[PDB]
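**Q** Give me the fold of what follows.
(one chain, ligands or ions: 6)
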Amino acid sequence: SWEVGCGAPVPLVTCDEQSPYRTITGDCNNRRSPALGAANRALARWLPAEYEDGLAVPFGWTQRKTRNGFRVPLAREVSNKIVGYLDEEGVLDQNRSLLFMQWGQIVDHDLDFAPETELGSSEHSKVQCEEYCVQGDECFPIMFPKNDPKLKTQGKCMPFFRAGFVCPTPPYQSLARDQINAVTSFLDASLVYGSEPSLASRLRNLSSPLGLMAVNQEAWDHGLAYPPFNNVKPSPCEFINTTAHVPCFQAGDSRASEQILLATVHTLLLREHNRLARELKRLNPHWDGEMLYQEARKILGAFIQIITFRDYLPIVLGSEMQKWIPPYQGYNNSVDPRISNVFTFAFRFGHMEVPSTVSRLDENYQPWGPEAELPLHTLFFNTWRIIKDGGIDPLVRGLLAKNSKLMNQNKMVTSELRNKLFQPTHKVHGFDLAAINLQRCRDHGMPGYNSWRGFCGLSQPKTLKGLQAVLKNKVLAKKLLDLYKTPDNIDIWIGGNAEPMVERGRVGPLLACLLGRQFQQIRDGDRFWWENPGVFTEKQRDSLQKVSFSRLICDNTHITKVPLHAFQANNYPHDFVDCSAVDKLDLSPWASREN
Ligand code: HEM
Ligand SMILES: *[C@@H]1O[C@H](CO)[C@@H](O[C@@H]2O[C@H](CO)[C@@H](O[C@@H]3O[C@H](CO)[C@@H](O)[C@H](O)[C@@H]3O)[C@H](O)[C@H]2NC(C)=O)[C@H](O)[C@H]1NC(C)=O
Ligand SMILES: *[C@@H]1O[C@H](CO)[C@@H](O[C@@H]2O[C@H](CO)[C@@H](O)[C@H](O)[C@H]2NC(C)=O)[C@H](O)[C@H]1NC(C)=O
Ligand SMILES: *[C@@H]1O[C@H](CO)[C@@H](O[C@@H]2O[C@H](CO)[C@@H](O)[C@H](O)[C@H]2NC(C)=O)[C@H](O)[C@H]1NC(C)=O
Ligand SMILES: *[C@@H]1O[C@H](CO)[C@@H](O[C@@H]2O[C@H](CO)[C@@H](O)[C@H](O)[C@H]2NC(C)=O)[C@H](O)[C@H]1NC(C)=O
Ligand SMILES: [Ca+2]
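**A** Numbers count the residues shown, from 1 in each chain. Ligands and ions are numbered 1, 2, ... in the order given. Please see the structure below:
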């Protein structure tokens, strides 16, 4: 059945047996099978692919054909009829801060990315998808249904390009299409350091041997730094306000500038490296430049792994945490550490947690000026609002103080995401994230709602009422199989997100399962997990325990009142305290006086 996984990546990476440092590619984590967990390779398949022609063609590609005897419903219509909502009033999650949403993206972007297919540059295929909405090749477009108001305003389709596949990027037929992953499967701060050895050596300041991450020369934030600008034109960030031409930020991940806030928590991560690396010459000046970068890298990875697993996962998984993430019991060389395909869709659950507006607060957590509260749609690829409109202190402040969206069945994904999305390649603020998610399922795999209900050993419904009592909504059950027509054909993203939430969490029975499994595998399979004996000295761990996001901001911003629990909804002034009462990171155990 194997062929035998194929693949051309970073053509040449061989291991060091006895060095304590991760590679950038993610190779040599596992000794036995050195590629497992690496980057630019196939996403894993917990379940066989489900295509029309059986190998590559997404369900609903040809007209005449059907998944299970029925015509699959258009993505934008499924969107139009189930997902969106008019009234923003009263969706905000009452026990979760914007940081809850925002750290969801950081962790995600650390774990998976399936790059879209541009076998196109100086090209007409980009044009043939945009202009003429002609399906074929790699242009698999999102049509508008009858009586969509995008028709009067935009056209017939939303261009949509198929994601990358392996063993060759050109046209090919054979096996079953597996989608590529351009980032390392481990929580290793790939998004801050890069995943391509070539990109990783460009984000660095090899000018001076303090082992520092290369910063911005031209823009400044009260003495505190910014990531460098990606000085390649064209620039999605320059496009949305040309008068100030401020390009996007350069980071270990392409997507760093997709949104204002994403770029903010990303500038906290960069600043933290240069602070640790600075602090670490202070103690052991005998060190060369790479042992600076590398030690600071290891401790920053430790940071992201500790916050993700101790503070985020329990408020996302909830009662199902103990079920899927049992306490730690060492390392397993036999576990697959890789991101499976379905995960790249299950973890998109956050798209229903993004609220309509992003606000900007002053030094008393009070609205910051005349235009404080900005619509989220004016914020995609917006770097000018942070270099030019006050730095990151008014944005870190909103993260701590403001609620995120609570996923609601009657209110699923905001219209700012579902109607006015800016897409980097294109010019309009009017793509649909909910619709673009649904085609993306069909592009990738992707076994229906029931296949994946079975994976977790849950009731696979069958009937209008067999769904009614699973989602606990009679109207949503109707709407769902009015379009899909059998519970089987429901795309995971919507089918999974449609379920009510498990006790003390933010996802449901199915999604808790898919999410839980992956997060356990990536912990149990990572040789460099912070708790495995060997990677940190027993002292170092006890200092690493003292860290919090609350501190990530006290050491790297001029915010001086913060919550003690930054992931849950709390109010200024009351729940906010001085940086002084917040535990610091004791870096003493990292000193190694030579003689
Ligand atoms: C305003 C906020 C956000 C915007 C505008 C945004 C934008 C996007 C866009 C344009 C895509 C491309 C979809 C595709 O072509 O595959 C994407 C994918 C994705 N999003 Fe978001 N995003 C946001 C926040 C989040 C959050 C909070 C999470 C999780 C908590 C998240 C999780 C993901 C994941 C896992 C993918 C697929 C990436 C992969 O290939 O692994 N996003 N996002
Ligand atoms: C790589 O690291 C070097 C060394 O840390 C960076 O250069 C240093 O940058 C700081 C702050 O940008 C400079 O400090 C101050 O400069 C201002 C104005 O230029 C001046 O008013 C003060 O006299 C003060 O020195 C400093 O010039 C410079 N330090 C040294 C020893 O060169 C460099 O920016 C880093 N490169 C990248 C890409 O990050
Ligand atoms: C708001 O959410 C928080 C976090 O989900 C809840 O506090 C947790 O309570 C559980 C139950 O014993 C414990 O595992 C933790 O000690 C708490 N979490 C943290 C981070 O300390 C809290 O109950 C919720 N608040 C309200 C008013 O419902
Ligand atoms: C483009 O960006 C500039 C900032 O570089 C914005 O300019 C501000 O605009 C307001 C009112 O027009 C002024 O009162 C501020 O002083 C301006 N700031 C500076 C220093 O330029 C501008 O609003 C943006 N325009 C677009 C196209 O959205
Ligand atoms: C490492 O973890 C794996 C997966 O949890 C364990 O694999 C199991 O091994 C037992 C017997 O060795 C087999 O019956 C099953 O094939 C595995 N279970 C499942 C459901 O995956 C393994 O036990 C662990 N390795 C060790 C020896 O600690
Ligand atoms: Ca990673």
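
**Q** all contacts plus neighbour counts: C-alpha atoms, from now on.
**A** Fine.

**Q** count of neighbours near the closest residue to ligand 5 within the chain?
**A** Nearest to ligand 5 in the chain, going by Cα to the nearest ligand atom, is residue 332, at a distance of 4.8 Å. Residue 332: 15 surrounding residues under other Cα atoms under 10 Å.

**Q** Within range of ligand 1, give me the residues from the stretch 151-300 of the chain.
**A** Remark: the part of the stretch 151-300 of the chain in contact with ligand 1 comprises 258-259, using Cα under 6 Å from any ligand atom.

**Q** For the stretch 151-300 of the chain, what lies in contact range of ligand 4?
**A** 241, 243-244.

**Q** make it 8 Å
**A** Those residues of the stretch 151-300 of the chain that sit near ligand 4, judged by Cα under 8 Å from any ligand atom, are 240-245.

**Q** Kindly report the same for the stretch 351-500 of the chain.
**A** 384-385, 388-389.

**Q** let's go with 6 Å and repeat that
**A** Taking Cα under 6 Å from any ligand atom as the contact definition, the stretch 351-500 of the chain meets ligand 4 at residue 388.

**Q** what ranges do the helices span in the stretch 351-500 of the chain?
**A** 384-387, 393-401, 415-418, 433-444, 449-455, 464-471, 474-483, 492-497 (DSSP state H, counting those that start in this stretch).

**Q** picking up where we left off before, strands - which of the residues of the stretch 151-300 of the chain next to ligand 4 land there?
**A** Using DSSP state E, the subset of those located in strands is empty.

**Q** Any chance of CSV for the helices of the stretch 351-500 of the chain, columns mean neighbour count and distance to ligand 3?
**A** Compiled in CSV, the helices of the stretch 351-500 of the chain are given as follows (neighbours: other Cα atoms under 10 Å; distance: least, Cα to the nearest ligand atom, whole Å):
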stretch, mean neighbour count, distance to ligand 3
helix 384-387, 18, 30
helix 393-401, 24, 14
helix 415-418, 24, 26
helix 433-444, 23, 27
helix 449-455, 19, 26
helix 464-471, 17, 23
helix 474-483, 17, 27
helix 492-497, 23, 20
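
**Q** Of the ones you listed, which is nearest residue 348?
**A** helix 492-497 (7.6 Å; Cα to Cα).

**Q** C-terminal to the closest one, what's the next element?
**A** Next along the chain after helix 492-497, taking DSSP states H and E as the criterion, comes helix 509-524.

**Q** counting contacts, what elements does that next one pack onto?
**A** helix 313-317, helix 321-324, helix 343-346, helix 492-497 (3 or more Cα pairs under 8 Å, 6 or more residues apart in numbering; DSSP states H and E).

**Q** quick one: is the last one near ligand 1?
**A** No. Remark: helix 492-497 sits outside contact range of ligand 1, by Cα under 6 Å from any ligand atom, the gap being at least 11.4 Å.

**Q** what helices or strands is that helix leaning on?
**A** By 3+ Cα pairs under 8 Å, 6+ apart, helix 492-497 packs against helix 343-346, helix 433-444, helix 449-455, helix 509-524.

**Q** Now distance to residue 589 too, for the ones you listed, in a markdown table please.
**A** Listed next are the helices and strands packed on helix 492-497 as a markdown table, based on distance: least, Cα to Cα, whole Å:
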| stretch | distance to residue 589 |
| --- | --- |
| helix 343-346 | 37 |
| helix 433-444 | 46 |
| helix 449-455 | 45 |
| helix 509-524 | 25 |
